[PDB]
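The next block holds one structure in the form of structure tokens; read it before the comments.
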Amino acid sequence: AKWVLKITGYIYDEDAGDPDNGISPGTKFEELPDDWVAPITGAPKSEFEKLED
Numbered sequence: 032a033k034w035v036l037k038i039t040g041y042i043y044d045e046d047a048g049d050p051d052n053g054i055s056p057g058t059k060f061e062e063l064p065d066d067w068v069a070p071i072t073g074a075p076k077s078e079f080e081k082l083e084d
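Add 31 to the 1-based position in the sequence shown for the numbering used here, that's all there is to it.
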């Protein structure tokens with residue numbers, strides 16, 4: 032599953048996690064800690080959107 036950021040369209044590939052944000056391999060975006068936060072374009076979890084229809 033992935034997580035798109037309606038602000039710009041950033042997708043977090045939960046299948047791999049995020050080597051750019053230094054995160055665990057295969058991490059549920061809905062379970063990441065507060066240490067995870069995109070740049071000015073989005074940051075928390077509620078500001079994202081899964082890929083499900």
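Ideal Cβ placement from N, Cα and C applies to all residues, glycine included.
Inter-residue Cα distance where the pair is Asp46 and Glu80:
Within the sequence shown, residue 46 is the residue found at index 15, counting from 1. Within the sequence shown, residue 80 is the residue found at index 49, counting from 1. Answer to the nearest angstrom: the Cα atoms are 16 Å apart.
Write down the C-beta distance between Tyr41 and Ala74 rounded to the nearest angstrom, noting that I regard them as a contact closer than 8 Å.
Within the sequence shown, numbered from 1, the residue matching residue 41 stands at position 10. Within the sequence shown, numbered from 1, the residue matching residue 74 stands at position 43. In fact, because the Cβ distance is near 11 Å, the residues do not count as touching under 8 Å.
With a threshold of 16 other CB atoms inside 10 Å of the CB of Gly48, please say whether the residue is buried or exposed.
Counted from its first residue, the sequence shown places residue 48 at position 17. So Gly48 counts as buried.
Can you name the start and end residues of the beta strand (DSSP E) that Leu82 belongs to?
As a working mapping, residue 82 is identified with position 51 in the sequence shown. Per DSSP, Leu82 belongs to no beta strand (DSSP E) and is neither H nor E.
Just how far apart, CA to CA, sit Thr72 and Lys59?
Residue 72 sits at position 41 when you count from the first residue of the sequence shown. Residue 59 sits at position 28 when you count from the first residue of the sequence shown. Rounded to the nearest angstrom, the two C-alpha atoms are 20 Å apart.
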